[PDB]
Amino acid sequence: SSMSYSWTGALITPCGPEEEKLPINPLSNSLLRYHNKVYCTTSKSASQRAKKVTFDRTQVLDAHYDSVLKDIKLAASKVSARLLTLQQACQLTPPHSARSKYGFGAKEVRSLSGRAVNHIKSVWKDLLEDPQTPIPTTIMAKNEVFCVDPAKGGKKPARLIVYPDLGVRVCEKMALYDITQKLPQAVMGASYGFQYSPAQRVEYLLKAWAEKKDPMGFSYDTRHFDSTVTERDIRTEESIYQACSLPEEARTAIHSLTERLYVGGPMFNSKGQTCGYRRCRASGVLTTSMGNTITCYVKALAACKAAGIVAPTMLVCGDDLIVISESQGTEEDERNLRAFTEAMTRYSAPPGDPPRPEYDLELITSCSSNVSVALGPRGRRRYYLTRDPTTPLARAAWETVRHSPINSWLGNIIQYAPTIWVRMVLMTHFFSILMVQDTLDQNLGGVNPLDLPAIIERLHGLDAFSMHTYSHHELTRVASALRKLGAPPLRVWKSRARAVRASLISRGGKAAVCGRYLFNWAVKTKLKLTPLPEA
């Protein structure tokens, strides 16, 4: 019945023009050679994304959906949730949040400038008084960097972002923020994935696996999830929110937001033209993450029940999930997963790639990552989290006038410190760069290069400095990703590391600690690395 979008035919315009790489990338031209493969999704491509996400939905539910939905409300009603003062909501606005059409921005909101505060009052008033007038939204293309993949057609089209004015964003927070803090955890218990560290994800997955007599695992992701969310789904989202204890004022605000913003509305391009109208999720509203996660969880747990998945243990994160079950034999497991997929398709959550049962934990990817294993210092197995390095390395080579990638290097160094690709490739390059700039002291994104050993120890354990015998998959994928981006192969990084190491060590102080801990993989006669006072 319902179309996800309709389109005036107006363009989707740039929200301030999007930069190009330059003829020389001085920071990353020793990391990799193939800069032609590293691109940023543009608003030109937004047209192409639109064609792909505009489609007719035909939700069809059943006793399994209905039953799960029920149970989910009996959970919701254990939650009491309060309004947020206009001022508290203002304060949660991010520092660079896109300015309001009504002549103020985030500095003002966050500083409680009085003009902003009045306007926000008036907006919230209008929410309370008017429960139907569609609220206008701006549509825009997201800019993100990837490596071209000629297998999957060259360049991905830009994702679509659709969001209301800043005044409305604050009001959303007033009504719903507290819910976002309580509801998901309440409804989903241990399945609520955003509650966990990568280390907890990893132990959760291993505990789930260990608990089964004979475990089977799989993952699912919905294609264009936001466009698959139905008017009805959203209303059902509302109905889940209202199940909690609420100020009568929240309810009205919520109901109003739901009907005027969340189920749909007109879309305007950055130049003010009418662009289209929308009858699905606007990714950009405060409820995007909580909505996606909850809704995905309803459908999935219904679909498990439809398909006979035995003793399922879920982990949900937006439209991304993993179920670890008791295998019923491969012949049946295959059948049930076809069933799972049919059910999810009937609920309007169709998959990108149809899923497949797996019986080895390394072969399950979700949220662009997976668990792997290597051997630690004493020879014991150590499971950790990793991913294809393609995108991180691509992003590591995104240098423009407005943007430096050094922060990305650090970000990935920390989050993925135990990975063979961070330790051999990013660390080496990162350190090599700063030593030469002579800016080890320098703080980046408020972190200090010379703290890393500590920071890494606090986060991944001391084993992250002694891991070896990485898996075939992991070696294969890293080798292959470096080849793809024209980077030196690992043998070369072994050399560069050893140089960086000696150079770091000669400098003494915290530098030599970094040299000694971070790069012990590089040397033939290892060292006796001991815990670090700080972590």
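Residues carry their position along the shown sequence, with the first being 1.
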| property | result |
| --- | --- |
| Stretch with the higher entry mean CA B-factor, where the candidates are 128 to 136 and 214 to 222 | 128 to 136 |
| Stretch with the higher entry mean CA B-factor, where the candidates are 195 to 203 and 366 to 374 | 195 to 203 |
| Largest Cα B-factor, entry values, listed residues 236, 292, 386, 274 | 274 |
| Residue selected from 449, 418, 392, 164 by maximal Cα B factor | 449 |
| Record-listed C-alpha B factor of residue 478: chain third | lowest |
| Among modelled residues of the same chain, the CA temperature factor third for residue 104 | highest |
| Cα B factor band for residue 308 (lowest, middle or highest third within the chain) | lowest |
| Entry-reported Cα temperature factor of residue 69, expressed as the chain third it lands in | middle |
| Chain-wide C-alpha B factor ranking for residue 152, given as lowest, middle or highest third | highest |
